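> This one is an experimental structure. Sequence first:
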Amino acid sequence: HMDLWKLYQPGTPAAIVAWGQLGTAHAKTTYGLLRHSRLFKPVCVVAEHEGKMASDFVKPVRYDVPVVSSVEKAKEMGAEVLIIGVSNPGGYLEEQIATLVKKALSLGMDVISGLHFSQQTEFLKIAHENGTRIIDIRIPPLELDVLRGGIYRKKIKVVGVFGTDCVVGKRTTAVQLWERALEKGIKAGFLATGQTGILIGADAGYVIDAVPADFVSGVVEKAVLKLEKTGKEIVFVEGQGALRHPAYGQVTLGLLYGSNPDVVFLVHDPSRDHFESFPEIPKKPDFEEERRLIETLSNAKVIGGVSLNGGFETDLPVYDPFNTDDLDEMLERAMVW
Amino acid sequence: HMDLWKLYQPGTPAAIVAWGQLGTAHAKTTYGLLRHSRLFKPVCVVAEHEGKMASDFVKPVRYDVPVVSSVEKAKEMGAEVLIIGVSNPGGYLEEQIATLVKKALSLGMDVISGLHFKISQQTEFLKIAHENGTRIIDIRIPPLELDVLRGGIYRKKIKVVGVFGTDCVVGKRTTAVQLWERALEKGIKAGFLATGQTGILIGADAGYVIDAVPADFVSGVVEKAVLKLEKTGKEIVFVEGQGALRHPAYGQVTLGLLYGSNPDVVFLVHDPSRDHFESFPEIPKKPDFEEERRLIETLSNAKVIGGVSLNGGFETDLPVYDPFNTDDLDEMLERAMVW
């Protein structure tokens, strides 16, 4: 529905809200922005720690910025938009965030959020009452359709960055690839599939986990064809879950069908004896099985493994996404055929 | 938390709306009800054909009822609820249906619908409803309180029979219902887990319209429904499949269903005459029995114990069952039970 690039000029200064989660795993969106934000220019972090720096809570970071405790101080520093960089907080934290949102809207600042609340009556009233807007990137479009076949007639090269579990470095790997292609002059696109990828400046995408099941593959197809229309020669697709994950495989399958990748990089953490957070599913992530399933369900070739923590045995090369030679190799290989 | 058996008494007289689609493939919900409604007692069909019978547009039927052209006539015949039995109509027909709904609500009748209307129509339905002590039950909207699959399905006791297919619209639901009715007739404590509009309206013991559930929760919702049927004492469950794993527009739904129900055995419904997935002539792929079978087995612990056909046989090492044949229904049931 909302294209952040059609609404904001590149380098639009942004204040990022990490209230109550700064220094925890839950502020992943704030971390993605401070390390890779491409559209918005981070100016500060809004959290309860007056006088500190972002670097004092998370390291390393590309945009080290001050931590301010009020939206007012954030506006004093030229912040024009408020980005919600927290993930599923308790009802009490949620209320403090809603206050921050209301304040921003009332101080002439737009609010970009992918968090689910409910309080959308008041945000709209105050947005309209102050000429600001609340951009909800999580709500799926109302005008939707299922996949119709356009993806089978694509021209653009599609690179799926899949994984064997959730939270293994899929997005990090797709973003590293994207940034490297861009630095080499390649007309590269990034198709985000969640909150963080969108906020960092993805060229296209949706929060697919909130999309009614029937339309997952349809919206992914639309996103790939949108990037083709804007002149991109290649796209890095942020994977979600894993095909073998019993709670999320459906999402991963919709994504695979929707993007019809030419090649795939498979991200894996070989230390997990259970899917992360699912200690009661007698099943673990498996590189060769995921790979086998990916290839047997589509025409994609898994051309490489990727790891952010420890290698593993496989006939495929295992790349490190923070190694520039590996990035260059992966890129070169994705455009050979 | 939505169950029709909790809301309506068995035998509740219903008027079924087939307006603009009676005699077409699109009125499948109307057909499912006239052939197998188990909760609601069909009283009449609401369509633009005054003076005819249901049987004049569709044959065979279990509940042949008159076709009336107004909601007023429907209530004159004791209909207490209005069921929407059409599937994705044009905006024009949708408007006529919205009129029917508003009338029903205004004549003291509840409305049960699984059709996606515009917000304008929805908001206006809730207003009318509120004011007449009537209610509009929307079976399509998913619950707000939802969670992902947690693993309870792996500690299940109930026997689970998946009725899958190589495409959409092949007889999956028909096969599941035929089995369910046969088990019940034999005294078996059998449950039917519906996954779409029609299955729920027919009187399924559990289920949701899974295609409208956010992607993340499909397997979780199916897990809950299977454990619910186990907790209420059922010894076996027939799961209405949705789509096919190989269907590029719908495989995701089928995979959520497979993981969420963790079937022991699967019956695979197939129409061997299809050169493409029904309604997707621009997708260069088609239903494939062996491939689908292979994919079901390689993605779960289910064993595909049989093929099913409603129109012509096909080669396969598995037996190919006819769901209208009583011996086949008995055979299929015995093989799933004993498993």
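Perfect, thanks for sending it. Numbers count the residues shown, from 1 in each chain, chains lettered A, B, ... in the order given.

> Every contact and neighbour count from this point should use C-alpha atoms.
Noted.

> mind listing what residue A:285 touches?
For residue A:285, the contacting residues are A:164, A:165, A:244, A:245, A:270, A:272, A:273, A:274, A:275, by C-alpha atoms under 8 Å, 6 or more residues apart in numbering or on different chains.

> Ramachandran coordinates for it?
For residue A:285, the backbone dihedrals are phi -70, psi 140 (criterion: degrees, to the nearest 10).

> Roughly how far does it sit from chain B?
13 Å (C-alpha to the nearest C-alpha, to the nearest Å).

> quick one: the strands in the stretch 51-200 of chain A?
With DSSP state E, counting those that start in this stretch as the criterion, the stretch 51-200 of chain A has strands at A:67-68, A:81-84, A:110-113, A:134-136, A:157-163, A:188-192.

> Which of those sits closest to residue A:240?
The closest of the strands of the stretch 51-200 of chain A to residue A:240 is strand A:157-163. By C-alpha to C-alpha, the value is 7.0 Å.

> The stretch 51-200 of chain A against chain B: which residues are in contact?
A:146, A:147, A:148, A:149, A:152 (C-alpha under 8 Å from any C-alpha of the partner chain).

> and if we set it to 6 Å?
Counting by C-alpha under 6 Å from any C-alpha of the partner chain, the stretch 51-200 of chain A comes close to chain B at A:146, A:147, A:149.

> need the contact list for the first one.
In other words, residue A:146. By C-alpha atoms under 6 Å, 6 or more residues apart in numbering or on different chains, residue A:146 lies in contact with A:215, A:218, B:249.

> what about the second one, how many neighbours?
By the criterion of other C-alpha atoms under 10 Å in any protein chain shown, residue A:218 has 25 neighbours.

> give me every residue that touches it.
Residue A:218 neighbours (C-alpha under 6 Å, 6+ apart): A:146, A:147.

> Which element, helix or strand, includes it?
In the assignment (DSSP states H and E), residue A:218 maps to helix A:216-229.

> Quick check: next helix or strand after that helix?
Helix A:216-229 is succeeded, C-terminally, by strand A:234-238 (DSSP H and E).

> Could you tell me the end-to-end distance of stretch A:187-206?
Using C-alpha to C-alpha, to the nearest Å, the span of stretch A:187-206 from its first residue to its last is 21 Å.

> How many neighbouring residues does residue A:143 have?
Residue A:143 is flanked by 6 other residues according to other C-alpha under 10 Å.

> What residues does the residue located most distally from the centre of chain A make contact with?
Distance from the centre of chain A peaks at residue A:129, with 31.3 Å (C-alpha atoms, centre = their mean). Applying C-alpha under 6 Å, 6+ apart to residue A:129 gives no contacts.

> any idea how far it lies from chain B?
From residue A:129 to chain B the distance is 24 Å (C-alpha to the nearest C-alpha).

> Alpha carbons of stretch A:294-307, in PDB - could you do that?
Included here for stretch A:294-307 are C-alpha records, laid out as PDB according to Å, rounded to 0.1, in the frame of the first residue of the first chain:
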ATOM      1  CA  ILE A 294      13.700 -25.600  -1.800                       C
ATOM      2  CA  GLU A 295      15.000 -27.200  -5.000                       C
ATOM      3  CA  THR A 296      12.300 -29.900  -5.300                       C
ATOM      4  CA  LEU A 297       9.500 -27.200  -4.900                       C
ATOM      5  CA  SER A 298      10.800 -24.700  -7.400                       C
ATOM      6  CA  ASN A 299      13.300 -24.100 -10.200                       C
ATOM      7  CA  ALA A 300      15.800 -22.300  -7.900                       C
ATOM      8  CA  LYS A 301      19.300 -23.600  -7.500                       C
ATOM      9  CA  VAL A 302      20.800 -23.300  -3.900                       C
ATOM     10  CA  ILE A 303      24.200 -22.000  -5.000                       C
ATOM     11  CA  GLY A 304      25.600 -21.300  -1.500                       C
ATOM     12  CA  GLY A 305      25.300 -21.700   2.200                       C
ATOM     13  CA  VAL A 306      25.700 -18.700   4.500                       C
ATOM     14  CA  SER A 307      26.700 -18.600   8.200                       C
END
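
> Can you give me the buried ones in that stretch?
A:294, A:297, A:298, A:300, A:301, A:302, A:303, A:304, A:305, A:306, A:307 (16 or more other C-alpha atoms under 10 Å in any protein chain shown).

> nearest to chain B, of those?
The closest of the buried residues of stretch A:294-307 to chain B turns out to be residue A:297 (C-alpha to the nearest C-alpha; 7.4 Å).

> near chain B, which residues of the stretch 201-337 of chain A?
Within reach of chain B by C-alpha under 6 Å from any C-alpha, the stretch 201-337 of chain A has these residues: A:209-214, A:217, A:246-248, A:250-251, A:253-254, A:257, A:280-281.

> Which of those residues fall within helices?
A:217, A:250, A:251, A:253, A:254, A:257 (DSSP state H).

> out of the residues you listed, who has the most neighbours?
residue A:250 (34 neighbours).

> so what's that one closest to, chain neighbours aside?
In space, residue A:250 comes closest to residue B:252 once its chain neighbours are excluded; the distance is 4.3 Å by C-alpha to C-alpha, 6 or more residues apart in numbering or on different chains.

> TSV for the strands of the stretch 51-200 of chain A, including mean neighbour count?
Shown next, in TSV, are the strands of the stretch 51-200 of chain A (neighbours: other C-alpha atoms under 10 Å in any protein chain shown):
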stretch	mean neighbour count
strand A:67-68	26
strand A:81-84	27
strand A:110-113	22
strand A:134-136	18
strand A:157-163	27
strand A:188-192	27
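
> out of the contacts of residue A:285, who's nearest chain B?
Of the contacts of residue A:285, the one sitting nearest to chain B (C-alpha to the nearest C-alpha) turns out to be residue A:244, at 7.5 Å.
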